[PDB]
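Participant: If you scroll down you'll find the structure; I have some questions about it.
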Amino acid sequence: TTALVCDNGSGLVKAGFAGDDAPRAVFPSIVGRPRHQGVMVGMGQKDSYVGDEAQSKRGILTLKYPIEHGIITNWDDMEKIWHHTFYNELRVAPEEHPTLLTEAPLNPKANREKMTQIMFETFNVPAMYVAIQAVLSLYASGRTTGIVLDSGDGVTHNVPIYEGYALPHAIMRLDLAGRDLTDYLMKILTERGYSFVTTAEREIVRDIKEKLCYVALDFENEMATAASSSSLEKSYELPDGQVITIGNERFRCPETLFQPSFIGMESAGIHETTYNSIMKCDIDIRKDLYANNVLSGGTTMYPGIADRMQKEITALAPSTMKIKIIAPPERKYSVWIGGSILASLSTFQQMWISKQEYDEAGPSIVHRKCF
Amino acid sequence: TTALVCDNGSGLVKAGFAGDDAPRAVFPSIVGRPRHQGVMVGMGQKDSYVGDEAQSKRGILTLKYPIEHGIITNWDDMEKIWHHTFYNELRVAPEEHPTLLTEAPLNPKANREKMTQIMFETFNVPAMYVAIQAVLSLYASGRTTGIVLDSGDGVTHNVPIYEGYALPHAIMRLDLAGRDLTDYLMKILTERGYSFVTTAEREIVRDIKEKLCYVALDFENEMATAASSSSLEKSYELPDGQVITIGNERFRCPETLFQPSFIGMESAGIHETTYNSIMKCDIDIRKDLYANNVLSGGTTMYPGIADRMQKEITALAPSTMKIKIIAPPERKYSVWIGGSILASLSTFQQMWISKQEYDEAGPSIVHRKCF
Amino acid sequence: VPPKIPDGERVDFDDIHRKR
Ligand SMILES: Nc1ncnc2c1ncn2[C@@H]1O[C@H](COP(=O)(O)OP(=O)(O)O)[C@@H](O)[C@H]1O
Ligand SMILES: Nc1ncnc2c1ncn2[C@@H]1O[C@H](COP(=O)(O)OP(=O)(O)O)[C@@H](O)[C@H]1O
Ligand SMILES: [Mg+2]
Ligand SMILES: [Mg+2]
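So the protein lines, in turn, are chains A, B and C.
Quick note: to get full-length UniProt numbering, add 6 to the position in the first sequence (first position is 1).
Quick note: to get full-length UniProt numbering, add 6 to the position in the second sequence (first position is 1).
Quick note: to get full-length UniProt numbering, add 87 to the position in the third sequence (first position is 1).
This is the structure:
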């Protein structure tokens, strides 16, 4: 039979059968209970709208993501999300399909063990396998080397790989991602008068960020230009009218990636953690990693980031090496495409964690040889 | 058995069995004791004529409404009105019929508790339920969202509802209604020479208001036109002859709704309290409320109000949103039609306040789960 | 606490046809 390539993610759940080009169903991972009282009788009001249904009734819900930073903080809601994904968005019972979840690097063990225990006890799948979210993104590019920066919505991690041999001592995981950029944008919009507070209006700020923000090639020059002319002010129409005008908030929101001091984080930007991740590698594979830097994940879709990052790394790196940044147009679904490719391989067909194996060793089987 | 859908209102009591299209008996809610001496013996003169009987003998009575502004100020008279409604206008003993009263939003608790105590002790009904007068008017329109402006004769209230979830923090109740318009019309008629003072002549002024007054599309242009030409002066024949001619009093009486400064009230008109009620709602359901503005109640029957209100809101609202005002022809009985629909539902059949429940918790049961 | 309406099945806006 065919395998189910699910990809929990944090912000958008992407799923679909193995062997295709794009995920079959992509929908936000939010579960929102209603918060008001409700007076109409017999309206058929449910107790929790999940997935894309709660992005249409969000006016009277309190949306809450079940995955904070890679890790899962609310297991009941995550179980509900998985149940919805299997039964309503794909309509395939899990009793007859292997599953291939994905997990960020350096995550707590208990999260992974609970994930496998749920998949084997509640949904009762035949066999499931958990894979690191960066190796898949490297599969999708058709490479076999390269250092991949997978800046998702929950957590940004940077896994270097050479000739198929991952370097476990050079993984640099940073917890700045799309959600913190949404919060920072929502916080700097208040400098013009627009106040978004409700958890429903966070979605509106996210839409503003997606449609308007861009990464500046040079930050100081843009700050000077936006403060003199008015060629940058782009307007946007809220879900009820009252258009708003975003000035130099456009390139200040995604600039947080390269200067995490804006949101008070100490660490260095995504332009310098990649160079540090490279320098921890051996001295003989640094040229190949320099030449095959891969971008993935949703947050790396800002217009103009593949040039800013290349300029920064070229500034840091030695002058002789060639710096090349692979930015495929299908960046958002790169991890899932790689997952489909990996699940479609014949050599991989014996790596699944078969159910009888789980019955013999318990949920701690995932840390064992079947990784 | 069938349920009794009574609707106390303030000015017209509307009642009838659940499941029909129109109330069975509609009659003014006035109780008038005779005031003169009376010399004929054996004429069979009663001590209080209630309902529609006191609108025919009003020449020698002192009519007094038992409901001032939604709240009930004279409980004995209200009990008399209910007794008349049950026994003479419907001729069904209340011992064998559930009742569904209606109550304005934000009313004093003691009023509701006394109402339920009367219904359970004096009339001894099997089970009664109290519902907010705006949710029913939303039922009758067949919608499930929308912001309903129910401008009755006692009090005008504006309850916004989305997807069946009422928003309790956005109810704007204003105490200007049909009665204040009657008093203001009676006060401005004195500018031509016609003086109505007696409580019986208030009914004549009410008839003048119903038959002649209309809401102007633009106030200043109408004031200028009525002051030059004479195409507006419509005449009306009093109950004894001596026709009167109403000039620019025609559109000045109902203009008080949009400028409550005429009768000295501070608040803003019904055109701006709706916009304020919308703006208190969340940012994502404002488009739906803009598109589904519902009118109800008697006082919204003035010829030309559904255009003036739309023009005003379109002036206030953002230019992109579409403003639509639902004005069904059956506006007056909209609340009662909705009440009939609600009482006819199967899902609602277990929400009644059963008598044994009242015996266990006292009259304060109404504020509890059985709302 | 505010009242909680038990969940039913259906319907609304489908009696407008049968009454109009
Ligand atoms: N076109 C875009 N432009 C800018 N940011 C985007 C765009 N699309 C998605 N994002 C950001 O990326 C996030 C989605 O990232 P995604 O790759 O789905 O995370 P995950 O790894 O959990 O699947 C969104 O929250 C959004 O903030
Ligand atoms: N055709 C009409 N034109 C103008 N005003 C009207 C008309 N019919 C009723 N009214 C006004 O509405 C009032 C009746 O309102 P109603 O909806 O019966 O109040 P309630 O909510 O108490 O039932 C009357 O007092 C009258 O002033
Ligand atoms: Mg991802
Ligand atoms: Mg009413």
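Here a beta-carbon is modelled for each residue, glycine too, at the ideal position from N, C-alpha and C.
Looking only at its chain, what residues have a beta carbon closer than 7 Å to the beta carbon of A/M271, apart from the 5 residues adjacent to it on each side?
Facilitator: Locating residue 271 of chain A in the first sequence gives position 265, counting from the first residue. Cβ neighbours of A/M271 beyond the five flanking positions: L182.
Participant: I'd like to know whether the C-beta of B/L348 is nearer than 8 Å to at least one C-beta of chain A.
Facilitator: By one-based count along the second sequence, residue 348 of chain B stands at place 342. Taking Cβ atoms only, chain A reaches closer than 8 Å to B/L348, which makes this a yes.
Participant: Note down, in chain order, every chain A residue with its Cβ under 9 Å from the Cβ of C/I92.
Facilitator: Counted from its first residue, the third sequence places residue 92 of chain C at position 5. Near C/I92 (Cβ distances below 9 Å), the residues of chain A are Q43, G44, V45, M46, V47, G48, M49, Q51.
Participant: Looking only at C-alpha atoms, which of A/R256, A/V19, A/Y242 sits nearest to A/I250?
Facilitator: Working through the first sequence from its first residue, we reach residue 250 of chain A at position 244. Considering only alpha carbons, the answer is A/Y242.
Participant: Rounding to the nearest angstrom, what Cα-Cα distance links A/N164 and A/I359 in this structure?
Facilitator: On the first sequence, residue 164 of chain A is found 158 positions in, with the first residue counted as 1. On the first sequence, residue 359 of chain A is found 353 positions in, with the first residue counted as 1. Approximately 27 Å between the Cα atoms of the pair.
Participant: At which residues does the alpha helix (DSSP H) containing A/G199 begin and terminate?
Facilitator: Stepping through the first sequence from its first residue, residue 199 of chain A is reached at position 193. Counting along the chain, A/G199 falls outside any alpha helix (DSSP H), and DSSP gives it neither H nor E.
Participant: Here's the rule: buried if 16 or more other CB atoms are within 10 angstroms of the residue's CB, otherwise exposed. What is A/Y171?
Facilitator: As a working mapping, residue 171 of chain A is identified with position 165 in the first sequence. Around the Cβ of A/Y171, a 10 Å sphere holds fewer than 16 other Cβ atoms; the residue is exposed.
Participant: Using a Cβ-Cβ cutoff of less than 7 Å, which residues in the same chain neighbour B/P29 once the five nearest sequence positions on both sides are dropped?
Facilitator: Walking along the second sequence from the start, residue 29 of chain B turns up at place 23. Cβ within range, chain order: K20, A21, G22, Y339, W342.
Participant: Might you give, ordered along the chain, the residues of its own chain that have their beta carbon closer than 7 Å to the beta carbon of B/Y55, omitting 5 neighbours on each side?
Facilitator: What you label residue 55 of chain B is simply residue 49 of the second sequence in a count that begins at 1. These residues qualify, in order along the chain: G38, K63, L67.
Participant: Got a sec: is the Cβ-Cβ distance from C/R97 to anything in chain A below 8 Å?
Facilitator: Here residue 97 of chain C is taken as the residue at index 10 of the third sequence, counted from 1. So, interface residue.
Participant: Going by DSSP, what residue range makes up the beta strand (DSSP E) through B/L69?
Facilitator: Residue numbering aside, residue 69 of chain B sits at position 63 when the second sequence is read from its first letter. First-last of the beta strand (DSSP E) with B/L69: 67-70.
Participant: Roughly how many angstroms lie between the CA atoms of A/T79 and B/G160, to the nearest whole one?
Facilitator: Here residue 79 of chain A refers to the residue found at position 73 of the first sequence. Here residue 160 of chain B refers to the residue found at position 154 of the second sequence. Going from the Cα of A/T79 to the Cα of B/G160 covers about 53 Å.
Participant: Per DSSP, what kind of secondary structure is A/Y135 in: helix, strand or coil?
Facilitator: Position 129 of the first sequence, counted from the start, is the residue given in the question as residue 135 of chain A. In this structure, A/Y135 counts as strand in the three-state DSSP scheme.
Participant: Please check if any C-beta of chain A sits within less than 8 Å of the C-beta of B/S325.
Facilitator: Start at 1 with the first residue of the second sequence, and residue 325 of chain B comes out as number 319. Taking Cβ atoms only, chain A reaches closer than 8 Å to B/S325, which makes this a yes.
Participant: Within the 8 Å Cβ cut-off, does B/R149 reach chain D?
Facilitator: Among the protein chains of the structure shown, namely A, B and C, there is no chain D.
Participant: Buried or exposed, going by whether 16 or more other CB atoms sit within 10 Å of the CB of A/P174?
Facilitator: On the first sequence, residue 174 of chain A is found 168 positions in, with the first residue counted as 1. Exposed, since its Cβ has fewer than 16 Cβ neighbours within 10 Å.
Participant: Inspect the beta-carbon positions of A/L263 and A/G253 and report whether they are closer than 8 Å.
Facilitator: Residue 263 of chain A sits at position 257 when you count from the first residue of the first sequence. Residue 253 of chain A sits at position 247 when you count from the first residue of the first sequence. With respect to the 8 Å criterion, A/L263 and A/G253 are not classified as neighbours on the basis of their beta carbons.
Participant: Please give the ranges of any beta strand (DSSP E) in the stretch 81-169 of chain B, keeping only runs that are unbroken, at least 3 residues long and fully inside the region.
Facilitator: 105-109, 133-138, 152-157, 162-168
Participant: Counting only beta-carbon separations shorter than 8 Å, does B/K375 have a partner in chain C?
Facilitator: Indexing the second sequence from 1 puts residue 375 of chain B at position 369. Yes, its Cβ sits closer than 8 Å to a Cβ of chain C.
Participant: Rounded to whole angstroms, what's the CA-CA distance from B/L223 to A/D83? Just pull it up for me.
Facilitator: Taking the first residue of the second sequence as position 1, residue 223 of chain B is located at position 217. Taking the first residue of the first sequence as position 1, residue 83 of chain A is located at position 77. Each residue's alpha carbon lies about 54 Å from the other.
Participant: Going by DSSP in three states, A/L223 sits in which element: helix, strand or coil?
Facilitator: Position 217 of the first sequence holds residue 223 of chain A. Reduced to three states, the DSSP call for A/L223 is coil.
Participant: Please report the residue range of the beta strand (DSSP E) in which B/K240 lies.
Facilitator: Along the second sequence, one-based indexing puts residue 240 of chain B at 234. Run containing B/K240: 240-244, per the beta strand (DSSP E) assignment.
Participant: Using 8 Å as the threshold, is the stretch 346-363 of chain A in touch with the stretch 119-136 of chain A, meaning 3 or more CB pairs across them?
Facilitator: yes
Participant: Take B/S350 as the anchor and find which of B/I124, B/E95, B/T105, B/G65 has the nearest alpha-carbon.
Facilitator: Here the question's residue 350 of chain B lines up with position 344 in the second sequence. The shortest Cα separation from B/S350 among B/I124, B/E95, B/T105, B/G65 belongs to B/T105.
Participant: Only counting the same chain, and skipping five residues up and downstream in sequence, which positions put a Cβ closer than 7 Å to that of A/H89?
Facilitator: In the first sequence, residue 89 of chain A corresponds to position 83, counting from 1. Counting only Cβ-Cβ distances below 7 Å, and skipping sequence neighbours, we find nothing.
Participant: Counting C-beta neighbours from all protein chains within 10 Å, is the total for A/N94 16 or more, i.e. buried, or is it exposed?
Facilitator: If you number the first sequence from 1, residue 94 of chain A lands on position 88. Exposed, since its Cβ has fewer than 16 Cβ neighbours within 10 Å.
Participant: In angstroms, rounded to a whole number, what distance separates the CA positions of B/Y296 and B/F202?
Facilitator: On the second sequence, position 290 is the one that residue 296 of chain B refers to. On the second sequence, position 196 is the one that residue 202 of chain B refers to. For B/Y296 and B/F202, the distance between alpha carbons rounds to 41 Å.
Participant: Within the continuous beta strand (DSSP E) that includes A/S302, where are the two ends?
Facilitator: Within the first sequence, residue 302 of chain A is the residue found at index 296, counting from 1. Note, A/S302: beta strand (DSSP E), 299-302.
Participant: In its own chain, which residues sit with a C-beta less than 8 Å from the C-beta of B/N298, not counting the 5 before and 5 after it?
Facilitator: Locating residue 298 of chain B in the second sequence gives position 292, where the first residue counts as 1. Cβ neighbours of B/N298 beyond the five flanking positions: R149, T151, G152, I153, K330, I332.
Participant: Of all the residues that make up the stretch 191-223 of chain A, which are near chain B by a beta-carbon distance shorter than 7 Å?
Facilitator: Only those residues of the stretch 191-223 of chain A whose C-beta falls short of 7 Å from the nearest C-beta of chain B are listed: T204, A206, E207, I210.
Participant: Does the stretch 310-320 of chain B touch the stretch 222-239 of chain B, meaning 3 or more C-beta pairs lie closer than 8 Å?
Facilitator: Contact between the stretch 222-239 of chain B and the stretch 310-320 of chain B is present, because at least three Cβ pairs lie under 8 Å.
Participant: Let me know the secondary structure DSSP gives B/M49 once reduced to three states.
Facilitator: The residue you call residue 49 of chain B lines up with position 43 of the second sequence. Three-state result, B/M49: coil.
Participant: Nearest to B/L144 by alpha carbon, out of B/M327, B/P334, B/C376, B/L18?
Facilitator: Against the second sequence, residue 144 of chain B aligns to sequence position 138. Of B/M327, B/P334, B/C376, B/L18, the residue nearest in Cα terms is B/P334.
Participant: Would a check of beta-carbon distances place B/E169 closer than 8 Å to chain A?
Facilitator: To locate residue 169 of chain B, count along the second sequence from 1; it is residue 163. Yes, B/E169 lies at the interface with chain A (some Cβ there is under 8 Å from its Cβ).
Participant: What are the residues in the stretch 335-346 of chain B lying within 7 Å of chain A by C-beta distance?
Facilitator: Those residues of the stretch 335-346 of chain B that come within reach of chain A (Cβ to Cβ, closer than 7 Å) do not exist; the list is empty.
Participant: Answer yes or no: does any C-beta atom of chain A fall closer than 8 Å to that of B/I289?
Facilitator: As a working mapping, residue 289 of chain B is identified with position 283 in the second sequence. Chain A, which has a Cβ nearer than 8 Å to the Cβ of B/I289, makes this yes.
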